[PDB]
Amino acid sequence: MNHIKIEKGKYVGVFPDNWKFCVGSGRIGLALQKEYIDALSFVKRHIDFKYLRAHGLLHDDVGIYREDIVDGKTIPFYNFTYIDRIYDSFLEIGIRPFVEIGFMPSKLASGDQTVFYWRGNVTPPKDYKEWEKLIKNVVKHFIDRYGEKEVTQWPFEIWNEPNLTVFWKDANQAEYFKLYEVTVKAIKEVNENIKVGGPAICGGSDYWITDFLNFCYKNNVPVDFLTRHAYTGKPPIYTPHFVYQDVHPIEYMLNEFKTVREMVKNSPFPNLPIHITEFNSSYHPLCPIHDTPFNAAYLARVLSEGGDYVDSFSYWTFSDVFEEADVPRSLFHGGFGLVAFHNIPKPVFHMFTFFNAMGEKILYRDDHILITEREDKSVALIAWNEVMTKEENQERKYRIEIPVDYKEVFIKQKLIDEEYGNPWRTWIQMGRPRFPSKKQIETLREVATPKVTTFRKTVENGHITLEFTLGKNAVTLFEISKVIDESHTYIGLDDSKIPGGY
């Protein structure tokens, strides 16, 4: 039904690598877990993410800020044992931290308000000049351990979602500015080449972006990028074990992206880089939507178009290794992770890997397909089909004419939908086991992979035709490439002489 004719030689855009700039994570402290490193290693073997963005560098499980008593004095001590082990392991894996400065260490806090099950503290420092010394020592170490050519490649975003009272005492904008100003000026004094930015808010308070940008311009506090989080979840229904959420169409997020690029172009900093340091449909770590093939198909458009607007958009999160809502109580529990425990890829993970196949040169693109040409001049394409309702049009038919100037083509297709690459479904059939056996795990691994099919055909009249129908919530990848047939070189080759009817 959707008929598409690609003309020989015409392009319409550049597909950039923004989609794999940065990915999200459970709290920095959780990076100590073997399951985390096993997960991060597995992701990094498949998607060359450049940066990792996680809360809680200054939380007390990481244990940086402590206080010793000598006489009646109270003198600080900065403990780097854990963060060293962590950042080391990031860099050995091949990924750098998107440092998020937060939250408040308990012995520097002014109040007792906390966020999450791990009770990160969200009050301003009782003494702002002792918070200045923490930040400067923390940055100075790093330069000493990792060296400046390395640490200046690390961006520093200041705090998390201050426009919400649950993350920042009273959601006090003025006090958030004092905090941003003290913190970035501590960082810059150690090394001015370190890029910093903010204000890390979620949608629904976009005036914060104008207020924050004016505040940095009127005073002379530096800002080298903007950050903001984008979700699409309508208000949620709660449960002892679940949070259920409806969602806006994915266009609601892409619209939010561009109106944010608009704000920055009318800002005192018209070329500011924008980093969406968190994004997903539902915004709760226990929402089953994250486990489904729907969330793969639904998020796919963001990877196609998101880089038209923002310099990075970081999927929350790479792994279910997460503790914000306590320890998960079931293998499939609605976690943010691209990867469920035991390195079982979710549908969303495979969707991400498909974009490894996109070239820079965009042949075509609408709301539900992306077609690109790689440097070897083979053609690849990714189509999705997110289906929000029982009553919606369920299938999505494509007929695509593709020019090729060679005579024998090889087609490779990877499909994930409700049937293929859907371990959640098998998990359900298995009885929804909360704590499955090894054998159950390995069977979920066997299914947790895209259906892969291959075709060979002769090219007639300088083009080929791909006709295919996406079912409910499918994402698929096609790769079209030239065959240099070598069968002529096999003397006496005759398949018909093989038992088996060949």
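One-based numbering along the sequence shown.
Here 69 to 77 and 287 to 295 are compared by their mean Cα B-factor, and 69 to 77 comes out higher.
Per the PDB record, of the two stretches 340 to 348 and 164 to 172, 164 to 172 carries the greater mean B-factor over its C-alpha atoms.
Ranking 355, 384, 238, 90 by the C-alpha B-factor listed in the PDB entry places 238 at the top. Based on the entry's C-alpha B-factors, the most elevated value among 95, 380, 83, 272 belongs to 272. Compared with the other modelled residues of the chain, the Cα B-factor recorded for residue 390 ranks in the highest third. Per the PDB record, residue ranking by Cα B-factor puts residue 222 in the highest third of the chain. In the deposited entry, the Cα temperature factor of residue 38 sits in the middle third of values across the chain's modelled residues. Looking at the C-alpha B-factors along this chain, the one for residue 488 belongs to the lowest third. In the PDB entry, a CA B factor belonging to the lowest third of its chain's modelled residues is recorded for residue 21.
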